[PDB]
file final16.tsv (TSV, C-alpha atoms)
chain	number	residue	atom	x	y	z
D	978	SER	CA	5.03	-2.77	-7.24
D	979	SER	CA	4.82	0.62	-5.54
D	980	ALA	CA	6.49	-0.66	-2.35
D	981	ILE	CA	9.99	-0.39	-3.82
D	982	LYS	CA	11.66	3.02	-3.61
D	983	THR	CA	14.72	4.29	-5.47
D	984	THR	CA	16.37	7.49	-6.68
D	985	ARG	CA	16.64	9.02	-10.14
D	986	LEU	CA	20.39	8.41	-10.27
D	987	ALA	CA	20.00	4.82	-9.06
D	988	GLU	CA	17.39	4.17	-11.74
D	989	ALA	CA	19.82	5.64	-14.27
D	990	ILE	CA	22.52	3.27	-13.00
D	991	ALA	CA	20.15	0.33	-13.45
D	992	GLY	CA	19.15	1.41	-16.95
D	993	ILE	CA	22.70	2.13	-18.13
D	994	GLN	CA	23.98	-1.18	-16.75
D	995	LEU	CA	21.14	-3.06	-18.43
D	996	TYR	CA	21.83	-1.30	-21.74
D	997	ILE	CA	25.54	-2.11	-21.50
D	998	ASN	CA	24.73	-5.76	-20.85
D	999	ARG	CA	22.31	-5.82	-23.79
D	1000	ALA	CA	24.92	-4.33	-26.13
D	1001	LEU	CA	27.75	-6.56	-24.90
D	1002	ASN	CA	25.85	-9.86	-25.00
D	1003	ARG	CA	25.21	-9.40	-28.76
D	1004	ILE	CA	21.43	-9.81	-28.38
D	1005	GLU	CA	20.57	-6.28	-29.49
D	1006	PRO	CA	21.26	-6.20	-33.26
D	1007	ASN	CA	23.42	-3.65	-35.08
D	1008	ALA	CA	25.60	-3.18	-32.01
D	1009	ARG	CA	28.78	-1.14	-32.48
D	1010	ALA	CA	31.29	-3.95	-32.01
D	1011	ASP	CA	34.06	-1.47	-32.83
D	1012	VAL	CA	33.10	0.68	-29.83
D	1013	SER	CA	32.43	-2.36	-27.62
D	1014	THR	CA	36.16	-3.23	-27.53
D	1015	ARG	CA	37.34	-0.38	-25.29
D	1016	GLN	CA	39.09	-0.62	-21.93
D	1017	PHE	CA	35.89	-0.15	-19.91
D	1018	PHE	CA	34.09	-3.02	-21.65
D	1019	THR	CA	37.18	-5.21	-21.29
D	1020	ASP	CA	37.16	-4.43	-17.55
D	1021	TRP	CA	33.36	-4.80	-17.36
D	1022	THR	CA	33.94	-7.68	-14.92
D	1023	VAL	CA	34.90	-5.01	-12.36
D	1024	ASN	CA	32.90	-2.22	-14.03
D	1025	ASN	CA	29.47	-3.90	-13.86
D	1026	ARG	CA	29.01	-3.03	-10.16
S	2004	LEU	CA	11.82	-8.87	-6.65
S	2005	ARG	CA	8.65	-7.46	-8.23
S	2006	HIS	CA	6.59	-7.84	-5.05
S	2007	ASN	CA	9.46	-6.70	-2.78
S	2008	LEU	CA	9.77	-9.87	-0.71
S	2009	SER	CA	12.59	-12.06	0.57
S	2010	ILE	CA	14.03	-15.13	-1.15
S	2011	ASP	CA	11.33	-17.28	0.48
S	2012	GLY	CA	8.46	-14.84	-0.11
S	2013	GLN	CA	8.44	-13.22	3.32
S	2014	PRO	CA	7.27	-9.59	2.95
S	2015	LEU	CA	10.02	-7.01	3.23
S	2016	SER	CA	7.60	-4.45	4.73
S	2017	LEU	CA	5.61	-5.27	7.86
S	2018	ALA	CA	1.87	-5.14	7.23
S	2019	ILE	CA	0.07	-2.42	9.16
S	2020	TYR	CA	-2.14	-3.62	12.03
S	2021	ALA	CA	-5.17	-1.55	10.94
S	2022	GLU	CA	-6.58	-1.09	14.42
S	2023	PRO	CA	-10.39	-1.35	14.24
S	2024	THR	CA	-12.95	1.35	15.05
S	2025	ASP	CA	-14.27	-0.84	17.98
S	2026	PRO	CA	-17.91	-0.82	19.16
S	2027	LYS	CA	-19.69	1.89	21.12
S	2028	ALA	CA	-22.14	1.96	24.01
S	2029	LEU	CA	-25.93	2.26	23.87
S	2030	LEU	CA	-28.30	4.46	25.89
S	2031	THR	CA	-32.02	4.52	26.70
S	2032	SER	CA	-34.26	7.10	28.38
S	2033	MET	CA	-37.70	7.56	29.92
S	2034	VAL	CA	-40.94	8.32	28.05
S	2035	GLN	CA	-44.08	9.87	29.55
S	2036	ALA	CA	-47.75	10.20	28.53
S	2037	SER	CA	-50.62	12.41	29.70
S	2038	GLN	CA	-54.37	11.91	30.09
S	2039	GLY	CA	-57.46	13.72	31.30
S	2040	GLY	CA	-60.20	12.94	33.77
S	2041	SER	CA	-63.60	11.35	33.35
S	2042	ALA	CA	-66.93	13.13	33.06
S	2043	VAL	CA	-68.40	14.07	36.43
S	2044	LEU	CA	-71.68	12.25	36.98
S	2045	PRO	CA	-74.37	14.31	38.75
S	2046	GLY	CA	-74.75	12.51	42.06
S	2047	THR	CA	-78.33	11.43	42.66
S	2048	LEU	CA	-79.17	13.32	45.85
S	2049	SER	CA	-80.29	10.92	48.57
S	2050	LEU	CA	-82.34	11.84	51.64
S	2051	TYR	CA	-79.68	11.17	54.29
S	2052	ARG	CA	-77.58	13.84	56.00
call {"tool": "encode", "arguments": {"input": "final16.tsv", "output": "structure tokens"}}
result
Amino acid sequence: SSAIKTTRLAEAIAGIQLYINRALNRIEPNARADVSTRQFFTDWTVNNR
Amino acid sequence: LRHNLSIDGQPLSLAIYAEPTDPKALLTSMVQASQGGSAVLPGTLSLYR
């Protein structure tokens, strides 16, 4: 709806987090599993928020 | 989340009261009309004084 309000950077946070989740959960095909094993993705438990 | 409500569906934004236009008063006035006189009948002259 139009009632919700947000900022450009907050929308970017939402989109980037969603894309990271999509890549990590192996649902988007042809994901770069080599890249997905870095320190940030290992610490995604504390990097998702 | 889509409609921006609470967990139980309560709206997160208070609906505007939309105060009405309310009725107005009415007025009336006077109306006049005009007329003329009747034809003067020639009085039959008697004999008295």
call {"tool": "atom_distance", "arguments": {"input": "final16.tsv", "atom1": "CA of residue 1007 in chain D", "atom2": "CA of residue 1019 in chain D"}}
result
19.5 Å
call {"tool": "interface_residues", "arguments": {"input": "final16.tsv", "of": "chain D", "to": "chain S", "cutoff": "12 Å", "atoms": "all atoms listed in the file", "output": "list in words"}}
result
residues 978, 979, 980, 981 and 982 of chain D
call {"tool": "atom_distance", "arguments": {"input": "final16.tsv", "atom1": "CA of residue 1025 in chain D", "atom2": "CA of residue 995 in chain D"}}
result
9.5 Å
call {"tool": "atom_distance", "arguments": {"input": "final16.tsv", "atom1": "CA of residue 2010 in chain S", "atom2": "CA of residue 991 in chain D"}}
result
20.7 Å
call {"tool": "residues_around", "arguments": {"input": "final16.tsv", "residues": "residue 1001 in chain D", "least_positions_apart": "2", "cutoff": "10 Å", "atoms": "all atoms listed in the file", "output": "list in words"}}
result
residues 995, 996, 997, 998, 999, 1003, 1004, 1005, 1008, 1009, 1010, 1013, 1014, 1018 and 1021 of chain D
call {"tool": "write_last_selection", "arguments": {"input": "final16.tsv", "atoms": "C-alpha atoms", "output": "PDB file, in the coordinates of the input"}}
result
ATOM      1  CA  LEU D 995      21.140  -3.060 -18.430  1.00  0.00           C
ATOM      2  CA  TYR D 996      21.830  -1.300 -21.740  1.00  0.00           C
ATOM      3  CA  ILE D 997      25.540  -2.110 -21.500  1.00  0.00           C
ATOM      4  CA  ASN D 998      24.730  -5.760 -20.850  1.00  0.00           C
ATOM      5  CA  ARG D 999      22.310  -5.820 -23.790  1.00  0.00           C
ATOM      6  CA  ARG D1003      25.210  -9.400 -28.760  1.00  0.00           C
ATOM      7  CA  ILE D1004      21.430  -9.810 -28.380  1.00  0.00           C
ATOM      8  CA  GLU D1005      20.570  -6.280 -29.490  1.00  0.00           C
ATOM      9  CA  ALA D1008      25.600  -3.180 -32.010  1.00  0.00           C
ATOM     10  CA  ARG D1009      28.780  -1.140 -32.480  1.00  0.00           C
ATOM     11  CA  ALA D1010      31.290  -3.950 -32.010  1.00  0.00           C
ATOM     12  CA  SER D1013      32.430  -2.360 -27.620  1.00  0.00           C
ATOM     13  CA  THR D1014      36.160  -3.230 -27.530  1.00  0.00           C
ATOM     14  CA  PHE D1018      34.090  -3.020 -21.650  1.00  0.00           C
ATOM     15  CA  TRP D1021      33.360  -4.800 -17.360  1.00  0.00           C
TER      16      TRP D1021
END
call {"tool": "axis_aligned_box", "arguments": {"input": "final16.tsv", "around": "range 997-1014 of chain D", "padding_each_side": "3 Å", "output": "lines of an AutoDock Vina configuration file"}}
result
center_x = 28.4
center_y = -4.6
center_z = -28.0
size_x = 21.6
size_y = 16.5
size_z = 20.2
call {"tool": "build_atoms", "arguments": {"input": "final16.tsv", "residues": "range 2031-2052 of chain S", "atoms": "N, CA, C and O atoms", "output": "compact mmCIF listing (two decimals), in the coordinates of the input"}}
result
# COMPACT_ATOMS: atom_id res chain seq x y z
N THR S 2031 -30.57 4.47 26.75
CA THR S 2031 -32.02 4.52 26.70
C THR S 2031 -32.49 5.57 27.70
O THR S 2031 -31.76 5.91 28.64
N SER S 2032 -33.71 6.07 27.51
CA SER S 2032 -34.26 7.10 28.38
C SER S 2032 -35.72 6.82 28.69
O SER S 2032 -36.30 5.82 28.24
N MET S 2033 -36.32 7.72 29.47
CA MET S 2033 -37.70 7.56 29.92
C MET S 2033 -38.65 8.24 28.95
O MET S 2033 -38.26 9.17 28.24
N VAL S 2034 -39.89 7.76 28.90
CA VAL S 2034 -40.94 8.32 28.05
C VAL S 2034 -42.20 8.45 28.89
O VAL S 2034 -42.54 7.53 29.65
N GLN S 2035 -42.90 9.57 28.75
CA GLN S 2035 -44.08 9.87 29.55
C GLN S 2035 -45.29 10.06 28.64
O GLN S 2035 -45.15 10.22 27.42
N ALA S 2036 -46.48 10.02 29.24
CA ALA S 2036 -47.75 10.20 28.53
C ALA S 2036 -48.70 10.93 29.47
O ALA S 2036 -48.57 10.84 30.70
N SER S 2037 -49.67 11.64 28.90
CA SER S 2037 -50.62 12.41 29.70
C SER S 2037 -52.05 12.06 29.32
O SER S 2037 -52.33 11.65 28.19
N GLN S 2038 -52.96 12.22 30.28
CA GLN S 2038 -54.37 11.91 30.09
C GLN S 2038 -55.23 12.90 30.87
O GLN S 2038 -54.73 13.65 31.72
N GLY S 2039 -56.52 12.90 30.56
CA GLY S 2039 -57.46 13.72 31.30
C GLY S 2039 -58.35 12.89 32.21
O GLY S 2039 -58.21 11.67 32.33
N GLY S 2040 -59.28 13.58 32.86
CA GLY S 2040 -60.20 12.94 33.77
C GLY S 2040 -61.47 12.47 33.08
O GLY S 2040 -61.68 12.67 31.88
N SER S 2041 -62.33 11.83 33.87
CA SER S 2041 -63.60 11.35 33.35
C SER S 2041 -64.70 12.38 33.60
O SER S 2041 -64.55 13.30 34.42
N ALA S 2042 -65.81 12.23 32.89
CA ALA S 2042 -66.93 13.13 33.06
C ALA S 2042 -67.55 12.96 34.45
O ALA S 2042 -67.76 11.85 34.92
N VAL S 2043 -67.82 14.09 35.09
CA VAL S 2043 -68.40 14.07 36.43
C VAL S 2043 -69.88 13.74 36.34
O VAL S 2043 -70.65 14.43 35.66
N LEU S 2044 -70.28 12.64 36.97
CA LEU S 2044 -71.68 12.25 36.98
C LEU S 2044 -72.44 13.02 38.06
O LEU S 2044 -71.99 13.07 39.21
N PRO S 2045 -73.58 13.62 37.72
CA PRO S 2045 -74.37 14.31 38.75
C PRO S 2045 -74.89 13.34 39.79
O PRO S 2045 -75.73 12.48 39.49
N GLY S 2046 -74.38 13.45 41.01
CA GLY S 2046 -74.75 12.51 42.06
C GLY S 2046 -76.22 12.61 42.39
O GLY S 2046 -76.74 13.69 42.70
N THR S 2047 -76.92 11.48 42.31
CA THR S 2047 -78.33 11.43 42.66
C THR S 2047 -78.49 11.72 44.15
O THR S 2047 -78.09 10.91 44.99
N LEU S 2048 -79.06 12.88 44.47
CA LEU S 2048 -79.17 13.32 45.85
C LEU S 2048 -80.08 12.38 46.64
O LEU S 2048 -81.25 12.20 46.29
N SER S 2049 -79.53 11.79 47.69
CA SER S 2049 -80.29 10.92 48.57
C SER S 2049 -81.08 11.77 49.56
O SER S 2049 -81.18 13.00 49.42
N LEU S 2050 -81.64 11.14 50.59
CA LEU S 2050 -82.34 11.84 51.64
C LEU S 2050 -81.52 11.97 52.92
O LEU S 2050 -81.84 12.80 53.77
N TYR S 2051 -80.45 11.19 53.06
CA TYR S 2051 -79.68 11.17 54.29
C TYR S 2051 -78.93 12.49 54.49
O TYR S 2051 -78.95 13.38 53.63
N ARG S 2052 -78.26 12.61 55.63
CA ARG S 2052 -77.58 13.84 56.00
C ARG S 2052 -76.07 13.66 55.91
O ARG S 2052 -75.54 12.54 55.90
